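A look at the structure
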Amino acid sequence: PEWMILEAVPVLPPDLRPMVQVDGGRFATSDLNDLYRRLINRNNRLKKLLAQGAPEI
Amino acid sequence: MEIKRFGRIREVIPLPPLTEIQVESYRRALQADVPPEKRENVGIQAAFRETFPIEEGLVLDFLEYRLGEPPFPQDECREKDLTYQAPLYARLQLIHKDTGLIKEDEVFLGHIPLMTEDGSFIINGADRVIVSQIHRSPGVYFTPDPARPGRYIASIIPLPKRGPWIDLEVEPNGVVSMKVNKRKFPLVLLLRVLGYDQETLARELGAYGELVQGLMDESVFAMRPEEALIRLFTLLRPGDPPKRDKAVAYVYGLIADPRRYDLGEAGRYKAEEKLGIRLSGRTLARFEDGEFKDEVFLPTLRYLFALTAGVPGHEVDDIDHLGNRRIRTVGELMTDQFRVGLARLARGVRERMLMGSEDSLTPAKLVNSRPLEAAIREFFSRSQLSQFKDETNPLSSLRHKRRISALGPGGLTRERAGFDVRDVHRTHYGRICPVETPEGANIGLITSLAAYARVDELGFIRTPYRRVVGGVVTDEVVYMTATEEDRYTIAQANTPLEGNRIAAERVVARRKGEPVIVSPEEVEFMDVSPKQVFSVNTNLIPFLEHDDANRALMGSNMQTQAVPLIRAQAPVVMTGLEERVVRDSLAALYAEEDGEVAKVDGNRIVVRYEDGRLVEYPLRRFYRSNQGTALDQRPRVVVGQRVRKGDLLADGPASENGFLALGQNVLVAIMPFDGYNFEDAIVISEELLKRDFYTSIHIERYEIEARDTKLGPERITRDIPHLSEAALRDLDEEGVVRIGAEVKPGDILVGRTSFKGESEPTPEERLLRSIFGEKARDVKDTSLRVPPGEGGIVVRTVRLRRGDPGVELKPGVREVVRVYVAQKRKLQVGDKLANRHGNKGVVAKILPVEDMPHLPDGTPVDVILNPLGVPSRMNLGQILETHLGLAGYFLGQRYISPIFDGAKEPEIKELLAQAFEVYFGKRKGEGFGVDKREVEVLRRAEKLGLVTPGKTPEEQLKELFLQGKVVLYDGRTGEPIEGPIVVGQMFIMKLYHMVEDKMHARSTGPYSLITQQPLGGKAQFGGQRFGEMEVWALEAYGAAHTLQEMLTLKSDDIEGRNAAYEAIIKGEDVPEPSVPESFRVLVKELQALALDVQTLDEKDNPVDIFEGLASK
RNA sequence: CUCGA
DNA sequence: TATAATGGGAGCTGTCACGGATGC
DNA sequence: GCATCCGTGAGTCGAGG
């Protein structure tokens, strides 16, 4: 049952959420990368906040 | 040739300016010709007035705005892919309340797109049209509660995104509830906040039967407006600290704030008319002298109770009535987006006012124009109602400008659109065409403004009627809304008149849409014309009264898809609207005043007017429209010709001497022909090709960029590696194909080289290189070539280079080259033809002339249409047309047959007798008697009861001819068709659906990034989609290997497709397929959701489909 | 979005 | 790195049938 | 045992842009 809670979040292979250069030399990318970046930023900030003894709120 | 016109109905007024719905709306929104101080509080002026002043320097106020001249002309904007627009400046002033200091400045806000003379826009080089949107008018409505019979719902609706919808209901427990933002609460509370006491409410609402008791709550009256206000703020905002000024701010912003709540002027007017009151502004209440003041609530509740009780003079509202649905035109929509952008700008302003030095603030420092420009650009580029202009022909553009959409932003989401919104309401009469609407999912949701209809200043559609007083029809015309129209008895336009007096004692009229027979005494108004019932397109179908509406819809719609031909003709049978369409679409060139033509050229006409001034009119020649059809003007005057005001100077596309020319007049026979015209297919003669009938000019645009890369620059050049002189033959010195060159699929249009990606040569390449001893070049061929199935003659080149005058490309781009390629398209097998009556079909066979059925005089027909296409379609108009055509063929004349006022059978019979005398008398004069074959056909016809037995051959042939039928000989045998055949002239158009643009095939080609499946679309050299249903078909056939092949080797199996291709080129059979890549994708994407998907064997042991590549 | 079947 | 500054601001909503917790 | 709010489906392919 506890497996319904995540401790390690899987990360999809990069080719399935590509960062590719289009005809004009510009870049196109999947939304999954922005979602993942949001996740990673918040997680890292959480680890730092815990490391610096932040309050409860 | 002579034009005879039928009909007795005299139109009192001409059609209004057909694009006025666009032009006047935008002109109203901009107010550009109005000096600033005289501007009304409407449009963008009103937007400014709503945004400013910006408070909390302390104040930033708006004085006025101005629009400058366009930095570039329209044609230049089309060329350089620029937006045709005007600079917008706003005069702002900054005031510090304490210091009293006042700084004033004119700030640049960016540009606003300008509407062209014809009602369209130029956005990034492409012509666009803002389609008008129909929506529910703001106001106060009362509808039957679908759950509780005898109970009603009151709804207060403001402008879109200008306040929430508020509902008033009488609850089963008796209390009167109010719903705002999905929050049900007792209305008594709000009534208390507004400052109503139990006394006032009792004396005001006591008349109704006990309803008022559901309004009586002691706990509400036991508290002053403030406590009630805070109570309401708690009821609407849970969690938010109930501070006084926050409650005041929220409620004011919800009900009283004119910058946030806004019934339209239309909503205000309708609320006033319905509730029998008068509004000071356009909100539901005011904030006056520290307290709130009612405006709409009490009257609405009053009406609701009155209606619930049964008090006379109170009724529910039909929401589909065109008195309750209005049109938002381009001006209003643009103004809305302008308002949004301005709001964002204001937020930015306050944000900057909080920061920075507080003494050194100028208007320029506070104002960032970017969000406004963004909102405008977003509206004109990516809004739903901003559409790529249809300009296949001028009628296309005209119709596109007069379209009305129920969809779009704030509009109806589809599939939530039931039968009601899509219905033809009775009030559509004279306002919205009942015929012209799309087939399929958009039916009833996209419509067309009726020909005489006008949108009024409030947005309601109005139609013209003639005043009738004492059975006498005046020339006084009144434009009415549907609400106004519902008051009168309105006679039909075909009511018999002697002079201006009604001549019948029984006249057909309408009363609230209901047909009724009345006396002339009862007639208050009379229709202007049958024309006013239908759109411009439907008004172009002759004998419309004989066509079933379902096919009329098709002919109507298909006129817009007609292609301009090089030898375009106006129809032999017209409705009489063909000139106004050309004129109003601004296709053709007309004389500005009286004068004499000084110069006539293919490029330009110079006219000397009466003033003595020389005016030069340049002629647009072989220009490319949005759809690639040819836009060119041909001079129709000669040197020294005397012209009057409004006379034709040049014919535009699809114009023949000022008449709308959407196609060709062809001699048709109505008969089966060896299966070649089976199921709507069409047989034509090669003679049509020989004399360039249905030949059309089309121009395609190709484009290529040379940019800077990290590996070296791309460049346009002739020095392309590994190409012969044969391949470079038509390229100029710079590497661009020459003007006049004929290009075919595979041919280079623009030479380009690109530095290769960092190449690690495989050992094979190294060995081969050693064998041939040739250094691999640094650059590779990346040239622009003609795609498969395309080509023609190069007519124009455009080159834009960085570092050159007037030129600045997007960052990194060194140069851009454009090549225009023109083709002359002859009619071919598979091209789509149509008439105005909904008869459509593709050309299935092109017959040599000797194979065509022919008249006894040796004249072959041009087109053979199948009679089986008529009975179940019920579009007999096309038959009548044909008959009249026959007459016109021999009399050398054309006809104007107005809809519902058109030529009748007897007149056509007369014309056919006249034509018969020409058709046969000539023969008898030339010294020839009746033919044996004709005698045979006459015998058969006697058996068919088509001719009276006893008469001479000539008399019988004449009878047949009067039935529109002739003797026809089979070109293959010389024997006559056993029966007489309907033959005559018909107007047929070639539609934009040409097989040349549709034929597409693919062996292998580009695949998708993630799925590794073939791309879609002809442009991407794509593959056909084998969807779920096609799969079902193969499954139902039990075609397991075919299906698996489609699933694997043919799509998304990489090893499989490679091995299959190699096997086929080796002449070996294709190998066994393996795992589709998209299944691996599925597995990985399920793993990303923390699901473990495992492929097992029969022993439940895992099988790796990733071949160890993904297992550590 | 619009068009086509 | 030091005047003092202390709770946001979006929000037009014209369908329908079912499985569901619920919750009246 | 019975009304209430929430989540979810709603034809295909093809074309343009």
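As recorded in the entry header, the structure was determined using X-ray crystallography to a resolution of 2.4500 Å.

**Re the sheet that holds strand β38 (residues 648-651) of chain B**
All names here are of chain B. Taken together, the 3 strands give an open sheet; going across it, the order is β30-β38-β36, and neighbouring strands pair in antiparallel fashion. With partners counted over all chains shown, the strands left at the sheet margins are β30 (589-590) and β36 (634-635), one partner each. Sheet analysis places β36 next to β38, joined by 2 bridges and oriented antiparallel. Counterpart to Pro635 in the pairing with β38 is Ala650.

**A closer look at the nonpolar core**
Residues and elements named next belong to chain B. Counting 57 residues, the largest nonpolar core has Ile166, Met178, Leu187, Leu215 and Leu301 as its most contacted members. With 8 residues, helix α10 (residues 297-309) is the largest single contributor of residues to this core. Those residues in contact with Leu301, other than ones at most four positions away along the chain, are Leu168, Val176, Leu187, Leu191, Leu205 and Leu215. One finds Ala47, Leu60, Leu109 and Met115 within the second-largest nonpolar core, a separate group that totals 45 residues.

**Notes on the packing of helix α7 (residues 225-236) of chain B against helix α8 (residues 244-256) of chain B**
Residue and element names in this part refer to chain B. The contact between α7 and α8 brings their axes to 9 Å, and the two run at 75 degrees. Between α7 and α8, the angle falls in the class roughly perpendicular. Across the interface between the two elements, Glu226, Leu229, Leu232, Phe233 and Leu236 of α7 pack against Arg244, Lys246, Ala247, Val248, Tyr250, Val251 and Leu254 of α8.

**Side note on the pattern of salt bridges**
All names here are of chain B. Counted according to the given criterion, the structure contains 86 salt bridges over all chains. The closest approach of N and O atoms between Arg286 and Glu288, which form a salt bridge, is 3.0 Å. When its relative accessible area of 29% is taken as the criterion, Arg286 is described as partly exposed. The closest approach of N and O atoms between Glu378 and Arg344, which form a salt bridge, is 3.8 Å. You can see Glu378 sitting in helix α13 (residues 370-382) and its partner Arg344 sitting in helix α11 (residues 330-354), a full 34 residues away along the chain. With relative accessibility at 30%, the residue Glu378 sits in the partly exposed group. Within this structure, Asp75, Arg78, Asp118, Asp127, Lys389 and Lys401 form a network of salt bridges that share partners.

**Observations regarding the interface of chain B and chain A**
At the interface, 9 residues of chain B touch 13 residues of chain A. Interface area for chain B against chain A, summed over the two sides, is near 840 Å², with a carbon-plus-sulfur share of 72%. For the interface between chain B and chain A, the tally reads 0 salt bridges. For the pair chain B and chain A, the interface holds 0 residue pairs in polar contact. If one sorts the elements of the side of chain B that touches chain A by residue count, helix α29 (residues 1077-1087) of chain B sits on top with 4 residues. Looking at the side of chain B that touches chain A, its residues break down into 5 nonpolar, 1 polar and 3 charged.

**Quick notes on the domain arrangement of chain B**
Annotation of chain B at the domain level lists domain 1 (135-328) and domain 2 (695-826). Summarising the inter-unit geometry, the C-alpha centres of domain 1 of chain B and domain 2 of chain B are found 68 Å apart.

**Considering the environment of B:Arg785**
Residues and elements named next belong to chain B. Assignment of secondary structure puts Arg785 in strand β49 (residues 784-785). With residues up to four places along the chain from it excluded, the contact list for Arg785 reads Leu723, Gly746, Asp747, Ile748 and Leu749. At 3.3 Å, the side chain of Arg785 forms a polar contact with the backbone oxygen of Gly746.

**As for the environment of B:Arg5**
As for its placement among the helices and strands, B:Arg5 is situated in strand β1 (residues 3-5). In this structure, the C-alpha to C-alpha distance between B:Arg5 and B:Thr19, residues 14 residues apart in sequence, is 27 Å.

**What to know about empty space enclosed by the protein**
For the largest cavity, the calculated volume is near 60 Å³. For the lining of the largest cavity, the class distribution of residues is 3 nonpolar, 4 polar and 1 charged.

**Some words on the protein's contact with RNA strand C**
Residue and element names in this part refer to chain B. With respect to spatial proximity, the complete set of residues near RNA strand C consists of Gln384, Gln387, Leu407, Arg414, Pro438, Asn442, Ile446, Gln561, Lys832, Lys840 and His993. Here a phosphate oxygen of RNA strand C and a side-chain polar atom of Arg414 are 3.3 Å apart. A distance of 2.9 Å separates a sugar or linking oxygen of RNA strand C from a polar atom in the side chain of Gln561. Of the residues that constitute the surface near RNA strand C, the class distribution is 3 nonpolar, 5 polar and 3 charged.

**Notes on the packing of helix α2 (residues 43-51) of chain B against α11(B)**
Residue and element names in this part refer to chain B. Between α2 and α11, the least distance of the axes is 9 Å, while the angle of their chain directions is 25 degrees. In terms of orientation, α2 lies roughly parallel with respect to α11. Seen from above, α2 lies across α11 with right-handed handedness. Contact residues: α2 offers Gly43, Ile44, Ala47, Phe48, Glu50 and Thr51, while α11 offers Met334, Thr335, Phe338, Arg339, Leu342, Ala343 and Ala346. The residue inventory of the contact of α2 with α11, partitioned by class, reads 8 nonpolar, 3 polar and 2 charged.

**Some points on the sheet that holds strand β33 (residues 614-618) of chain B**
All names here are of chain B. The antiparallel open sheet is built from 4 strands, whose spatial order is β33-β32-β31-β37. The open sheet terminates on both sides in strands that have one partner only, identified here as β33 and β37 (642-643). Across 2 bridges, strand β31 (residues 595-600) lies against β37 in antiparallel orientation. Among the inter-strand pairings, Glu596 is bridged to a residue of β37, identified as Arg642.

Definitions and cut-offs
- Residues numbered from 1 in each chain as written, not as in the entry; some residues may be left out.
- Chains lettered and ligands numbered in written order.
- Part of a larger assembly, values for the part shown.
- Heavy atoms only, no water.
- Residues with missing side-chain atoms left out of burial classes, pairs and counts.
- Pairing = 2+ DSSP bridges.
- Helix = DSSP H or I, 4+ residues; strand = E, 2+ residues; numbered from the N terminus.
- Core = buried A, V, L, I, M, F, W, Y, C linked by side-chain atoms within 4.5 Å.
- Buried < 20%, exposed > 50% of the residue type's maximum accessible area, 1.4 Å probe, protein only.
- Contact = heavy atoms within 4.5 Å.
- Axes fitted to C-alpha atoms, helices over the stretch in contact; angles between N-to-C directions.
- Parallel < 35°, antiparallel > 145°, perpendicular 65-115°, else oblique.
- Salt bridge = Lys/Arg side-chain N within 4 Å of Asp/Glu carboxyl O.
- Buried area = accessible area lost by both parts, 1.4 Å probe.
- Polar contact = N/O pair within 3.5 Å; in protein donor to acceptor, adjacent residues only side chain to side chain.
- Nonpolar A, V, L, I, M, F, W, Y, C, P; charged D, E, K, R; others polar.
- Domains from an automatic or database assignment.
- 1 Å grid on protein atoms, 1.4 Å probe; cavity = no way out; pocket = protein on both sides within 12 Å on 5 of 7 lines; lining within 4 Å.
- Points joined across faces, edges and corners; volume = space filled by probe spheres on them.
- Near = heavy atom within 4 Å.
- Left-handed = near helix turned anticlockwise from the far one by under 90°.

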